[PDB]
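Q: Experimental coordinates for this protein are included below, preceded by the sequence.
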Protein chains: 2
Amino acid sequence: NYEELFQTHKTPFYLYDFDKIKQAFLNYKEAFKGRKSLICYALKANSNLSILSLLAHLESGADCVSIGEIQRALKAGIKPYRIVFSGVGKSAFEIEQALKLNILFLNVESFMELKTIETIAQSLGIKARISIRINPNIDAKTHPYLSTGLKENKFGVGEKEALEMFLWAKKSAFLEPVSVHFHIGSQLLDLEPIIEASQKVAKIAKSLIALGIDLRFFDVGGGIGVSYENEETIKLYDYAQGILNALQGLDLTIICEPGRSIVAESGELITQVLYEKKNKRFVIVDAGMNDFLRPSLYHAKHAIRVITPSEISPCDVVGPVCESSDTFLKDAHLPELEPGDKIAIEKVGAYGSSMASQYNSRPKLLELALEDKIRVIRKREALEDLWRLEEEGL
Amino acid sequence: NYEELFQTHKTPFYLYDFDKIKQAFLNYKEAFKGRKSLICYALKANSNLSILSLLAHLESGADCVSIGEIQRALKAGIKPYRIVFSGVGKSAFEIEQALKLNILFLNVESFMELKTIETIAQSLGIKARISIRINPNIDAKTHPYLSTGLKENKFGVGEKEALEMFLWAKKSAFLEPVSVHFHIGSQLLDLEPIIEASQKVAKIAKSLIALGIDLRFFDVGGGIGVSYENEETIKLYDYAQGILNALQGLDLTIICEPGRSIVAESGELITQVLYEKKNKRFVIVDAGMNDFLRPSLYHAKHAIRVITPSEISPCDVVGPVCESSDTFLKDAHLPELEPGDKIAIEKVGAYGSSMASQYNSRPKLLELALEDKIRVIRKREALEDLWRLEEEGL
Ligand SMILES: Cc1ncc(COP(=O)(O)O)c(C[NH2+]CCCC[C@H](N)C(=O)O)c1O
Ligand SMILES: Cc1ncc(COP(=O)(O)O)c(C[NH2+]CCCC[C@H](N)C(=O)O)c1O
């Protein structure tokens, strides 16, 4: 169906196959059938208003890390009682705004945050439902930037301090602790660290209840990685089974905060070839690191597939930006290409456009959705949009 | 003067001391007094319309890498005959648009680009002034992402292919080769690799002229680094002296494309403290990697200075974003701080806001200028600006 597409839309652009988002979400809803669970899509992976509306129709929840995300979610149709707010740096304005929006709960990451929420809750005359994120100091075995479960990391808190915080929330007349939460990392290929984390948190949860803390939710976060380089992926059945066994004796609603595993595969970066250059061969395309930062930021490798039917040789697929970090794949192996040919960077649905910038003064890309039925979900940015907010200062 | 500032403006924001931009530019204009030179500020470092207008008043030139940058420069008042367009991925639209704007020249990076420019030039009935970027395969001794002078990199071309391209431009009736160009890297602390590059390119330039190619410009690019961690910096006097000696016998106008060394120091990231968290101590501030990507992308370290007068201990200064890469300084050493205190991240004038994104749905920061006289040079983004272009798809 590519022909009609390239005739009506200029490259480069993000193209999303919506069914895969629906199917991926649905696989999470059924993984936990014999139990009460809540799947909160992590907006950070991709907050496009349209994909959120799709998830909202499937009654998805939302794991937000900012007021901006909470608003996107509400605007897309996600129910406030299915929204959870995490974040080690929530500002008083975000805290206050969250409380007035009646979301499920604020997942606190510091004792000082807990007190800040109490002070605001009290002034608003409401009892804030809150969850406490614990750092189980477990190595998720992943990229350091994507690793968040070690004492080293700024996320959550130790068992000792957690117990102290829960008790404090219990005593407060403006705090209602109702959930325990953890998230050891992202793009995880090993299910063991996850299970080990669930066991440790389940142990403290059992202890928390024995102390009167009335828990109702057990949040495991997200973290399941995708097959970027054809690696084996943690199966949901094995994931859900491991968690249910870790929760023996605890009658709690399980919450999952998957992001990448919901949208990664459904999104592809369609970019056109501009030139071919040569002892090494460089294939210059019109998309750049400003559009897709994963490769440079995490040395990630996404598959590149030629869409235009067409001698194979090694070559670095590079974008137009002035930096050496602006190269999608080193020594990729592709046939000889010519100006205008089209290629697709695979599995860019997560942390693709959500981390894109306008570096080198390049407008944010057009985003298209496929629904059996091509339509635009984000209009391309005009050149003037780049400096719109700088004109009055000129 | 901070008091009035914090009373009228909310953190976090970028604050620019304009004099330092003026002074830094002026130091480049005089480094080459006994010669004809042209200083083309590299927009990529910071394209804010206002700082460009300042430079335009000092009759600065502009080194652009996209049509968006060329337009910013023109709009700020920079003369078209002082604008040079580099880029390994210029699209036909940018090429054509550049030609119609009568800029100084297109600095080509591939033989295929050269032919693309010719085809367009011919259709427009004009003779395109062009420069050819050569890759001298010299190690600038810097961070790999910031290193661009090796055969390994996608920038420029070898001597053999360069000679072939220049001759091709000479024969063409729509191409006028008038300049040689090179840029081995960014944030360079060692002046030797620069000098070695100038010598090699000066040798080929001498050879090019002997073959009838009428050169008028000798472009050395930018690259001079700043003192982020109190290191010694390449002095302009030593830089200009080394270049003049390398150019013995060549009567050519020298062009410099400095970026970082023009605006780095003049810009600071003013951010407020939100919480303090504890065996390690984390200082959570309201600015994040989405606002300043250097630390995560290049493991860069910028100095952090407390602005609020106030026991010193080790601590990681972190932002609010959900990733472990969102930490400004590991084991920094600062006094005990409390919610509301103000700190400034130093030398963020270059590649600061120019690489900023809206990750975690965070609006682009407010940018203020100091001119003896605080005024806004970029209004903060509203929350609705985040999803403005996504509403019609909803
Ligand atoms: C608390 C919390 N919940 C869910 C997630 C999302 O997990 P995932 O998408 O299922 O892995 C997170 C993860 N936060 C950081 C993810 C960084 C990804 C990075 N930009 C990349 O790979 O491009 C979380 O904090
Ligand atoms: C051809 C060309 N001219 C000038 C520069 C600018 O040089 P500088 O600012 O004086 O070093 C460049 C450099 N291009 C890449 C710079 C990447 C910087 C990176 N984002 C960072 O340090 O944050 C050039 O290509």
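A: Yes, it's here. Numbering: from 1, shown residues only, chains lettered A, B, ... in the order given. Ligands and ions are numbered 1, 2, ... in the order given.

Q: Identify the residues contacting the residue of the stretch 51-200 of chain A found nearest ligand 1.
A: Of all residues in the stretch 51-200 of chain A, residue A:186 sits closest to ligand 1, at 3.2 Å by CB to the nearest ligand atom. C-betas here are computed from N, CA, C, even on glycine. Neighbour list for residue A:186: A:142, A:146, A:148, A:222, A:223, A:225, A:259, A:260 [criterion: CB atoms under 8 Å, 6 or more residues apart in numbering or on different chains].

Q: any idea how far the third one is from residue A:140?
A: The one in question is residue A:148. Applying CB to CB, to the nearest Å, the value for residue A:148 to residue A:140 is 7 Å.

Q: any common contacting residues for the two?
A: Taking CB under 8 Å, 6+ apart as the contact rule, the neighbours common to residue A:148 and residue A:140 are A:184, A:185.

Q: re earlier: show only the entries of the contacts of residue A:186 found in helices.
A: residue A:260 (DSSP state H).

Q: Just the buried ones from the contacts of residue A:186, in ChimeraX syntax?
A: Here is the ChimeraX command that picks out the buried ones among the contacts of residue A:186, judged by 16 or more other CB atoms under 10 Å in any protein chain shown:
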select /A:142,146,148,222,223,225,259,260
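
Q: sec struct for residue A:20, please.
A: helix (DSSP: H, G, I helix; E, B strand; the rest coil).

Q: That one - nearest residue in space that isn't next to it in sequence?
A: Nearest residue to residue A:20, sequence neighbours excluded (CB to CB, 6 or more residues apart in numbering or on different chains): residue A:266, at 3.8 Å.

Q: what about the residue of the stretch 1-150 of chain A found nearest chain B, distance to residue B:270?
A: For the stretch 1-150 of chain A, the residue positioned closest to chain B under CB to the nearest CB is residue A:89, at a distance of 2.8 Å. To residue B:270, residue A:89 is 16 Å away according to CB to CB.

Q: now residue A:54
A: Counting by CB to CB, the gap from residue A:54 to residue B:270 is 40 Å.

Q: now swap in residue A:249 and tell me
A: In this view, residue A:249 and residue B:270 are 51 Å apart by CB to CB.

Q: of those two, who's got more company?
A: Neighbour totals were compared for residue A:249 and residue B:270, and residue B:270 leads with 23 against 8 (other CB atoms under 10 Å in any protein chain shown).

Q: which SS state does that one fall under?
A: When classified by three-state DSSP, residue B:270 comes out as strand.

Q: Contacting chain B as well, which ones from the contacts of residue A:186?
A: A:146, A:148 (CB under 8 Å from any CB of the partner chain).

Q: Point out the other helices and strands that the helix or strand harbouring residue A:385 packs with.
A: Here residue A:385, judged by DSSP states H and E, is contained in helix A:383-387. When contacts are defined as 3 or more CB pairs under 8 Å, 6 or more residues apart in numbering or on different chains; DSSP states H and E, helix A:383-387 packs onto helix B:67-76.

Q: okay, now residue A:34: neighbour count?
A: 7.

Q: show me what contacts it?
A: residue A:244.

Q: and if we set it to 6 Å?
A: For residue A:34, no contacting residues are found, by CB atoms under 6 Å, 6 or more residues apart in numbering or on different chains.

Q: any idea how far it lies from residue A:244?
A: Distance from residue A:34 to residue A:244, by CB to CB: 8 Å.
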